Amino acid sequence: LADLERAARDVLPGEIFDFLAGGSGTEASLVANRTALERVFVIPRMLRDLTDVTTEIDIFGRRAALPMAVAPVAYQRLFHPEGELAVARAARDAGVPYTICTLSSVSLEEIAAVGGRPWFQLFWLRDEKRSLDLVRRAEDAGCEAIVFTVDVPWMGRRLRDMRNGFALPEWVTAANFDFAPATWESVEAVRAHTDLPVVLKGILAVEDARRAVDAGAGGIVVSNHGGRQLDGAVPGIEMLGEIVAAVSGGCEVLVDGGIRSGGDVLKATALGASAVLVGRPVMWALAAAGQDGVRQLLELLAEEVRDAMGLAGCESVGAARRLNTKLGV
């Protein structure tokens, strides 16, 4: 995956690339997501039957080809003319869920029409009733899950964007339109307004994970927002195992932040994740070769996950979740 980031830097406007790659503050949490994953070592199992190694999972009542979904990333036409439609098509063809962003540069109904059963990421707005209508739009459009982003009461300070003066070009729009901090009351409002599973994205505290289950969430994403919100927030991968134990199967526990390979997916699943989100790498593939580049990234990731699982002695993702790990230096 390191290959295509080189290709993405060359073709992208230098300040668009930094909007994609950057974190908040000193980017301590952005770097820590990677160091956290690199400290994790897997204890593989040997000599088990690998007749039918399968990377498939069931999540929110639907099968997925991989323990993975495309993370919500706003304004995907910043990276390629086809934007979200290109990514959604490749995700659909790969059997991987795709999270439609509230700030998508193509309307959510259009992305949903691509099929491949997508998810919708909600930013709490203005008034409750606009937010809830956005939820209803997503559900009417056949979205399968509401990914409620809970770690953005406001945008963290991106020192890359203040020093770049970066601003939305004229050709990139918030196609869903023509904000406010979310609370547990907002979560209950969404939950009461939809039959779709509500997935809280940006959970890092063990008791926030427990309360998420109590609040009726169908899932959480253990995430420090790719190091883009609180600078110095603990990496999600560092809280994952604790959160998995506290939740005790009460909801799906996803994780994101620095997933760069099938080996990283294996590490995440061995720490207990149901699935991972992948953000920045999907955008590199988009900016370097559009829908075909995304589809190839997903193919390579699919192959790496399958390879890592077999070398670890895991015929299923469930077996991968039962692997032990050891922390290194």
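Residue indices: 1-based, along the sequence shown.
Chemist: With neighbours modelled on both sides, does residue 185 go without coordinates in a third or more of the other PDB entries compared?
Modeler: Result for residue 185: never missing in the compared entries.
Chemist: With respect to the deposited sequence, is there a break between residue 178 and residue 179 in this entry, and if so is it 1 to 3, 4 to 9, or 10 or more residues, or none at all?
Modeler: Per the record, 10 or more deposited residues are absent between residue 178 and residue 179.
Chemist: On mean Cα temperature factor in this entry, is 191-199 or 156-164 the higher one?
Modeler: Stretch with the higher mean C-alpha B-factor: 156-164.
Chemist: Comparing average C-alpha B factors as deposited, tell me which of 121-129 and 240-248 sits higher.
Modeler: Looking at the recorded C-alpha B-factors, 121-129 comes out higher on average.
Chemist: For the C-alpha B-factor as written in the entry, point me to the maximum among 262, 44, 290, 281.
Modeler: The listed residue with the largest C-alpha B-factor is 290.
Chemist: Going by the entry, which of 51, 35, 274, 55 has the most elevated CA B factor?
Modeler: Top of the list by C-alpha B-factor: 51.
Chemist: If you rank every modelled residue in this chain by C-alpha B factor, which third holds residue 144: lowest, middle or highest?
Modeler: Answer is middle: the recorded C-alpha B-factor places it there.
Chemist: Comparing against every modelled residue in the chain, figure out the third that the C-alpha B-factor of residue 81 lands in (lowest, middle or highest).
Modeler: It belongs to the highest third of the chain when residues are ordered by C-alpha B-factor.
Chemist: Relative to the other modelled residues in the chain, which third contains the C-alpha temperature factor of residue 211: lowest, middle or highest?
Modeler: Lowest third of the chain for residue 211's C-alpha B-factor.
Chemist: Taking only the Cα B-factors deposited for this chain, tell me whether residue 296 sits in the lowest, middle or highest third.
Modeler: For residue 296, whose C-alpha B-factor we compare with every modelled residue in the chain, the answer is the highest third.
Chemist: Please say which third, lowest, middle or highest, residue 185 falls into when its CA temperature factor is compared across its chain.
Modeler: It falls in the middle third of the chain.
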